[PDB]
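Participant: experimental structure and sequence below, a few questions after.
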Amino acid sequence: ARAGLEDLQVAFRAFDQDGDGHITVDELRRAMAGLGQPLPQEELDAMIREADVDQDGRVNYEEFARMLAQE
């Protein structure tokens, strides 16, 4: 389909809980090494701000994708 979305769900699958579970934002940064841009500090940082579901760096694993594609 597309990066951003498919890429990011495939990213998630490194450190996913189980679907509408939680990610570890840092693990997320690690996961991106599987994609192409390992330690994409900016691309992650950009998403880090969106990854604020709690008030820290917890994101609903699925809901994340919805924020990735902030359109």
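Facilitator: Looks like it arrived, so ask away. Numbers count the residues shown, from 1 in each chain.
Participant: give me phi/psi at residue 23?
Facilitator: phi -100, psi 160 (degrees, to the nearest 10).
Participant: ok, residue 51 - contacts?
Facilitator: Residues near residue 51 by Cβ atoms under 8 Å, 6 or more residues apart in numbering: 23, 25, 28, 57, 58, 59, 64, 67. C-beta: built from backbone N, CA, C; applies to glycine.
Participant: equivalent analysis for residue 20, please.
Facilitator: 60, 61, 62, 63.
Participant: can I get the contacts of residue 51 in CSV including distance to residue 49 and secondary structure?
Facilitator: As requested, these are exported to CSV (distance: Cβ to Cβ, whole Å; DSSP: H, G, I helix; E, B strand; the rest coil):
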residue, distance to residue 49, secondary structure
23, 15, strand
25, 10, helix
28, 13, helix
57, 10, coil
58, 14, strand
59, 11, strand
64, 13, helix
67, 9, helix
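Participant: most neighbours, which of the residues you listed?
Facilitator: residue 59 (26 neighbours; other Cβ atoms under 10 Å).
Participant: if I look at that residue, how far off is residue 23?
Facilitator: Per Cβ to Cβ, to the nearest Å, residue 59 is found 5 Å from residue 23.
Participant: can you list the helices and strands that the helix or strand harbouring residue 7 packs against?
Facilitator: Secondary structure from DSSP states H and E places residue 7 in helix 5-12. Counting contacts by 3 or more Cβ pairs under 8 Å, 6 or more residues apart in numbering; DSSP states H and E, helix 5-12 is packed against helix 25-35, helix 61-68.
Participant: tell me the residue furthest from the middle of this structure?
Facilitator: Most distant from the centre of the chain: residue 1, at 17.2 Å, with distances by Cα atoms, centre = their mean.
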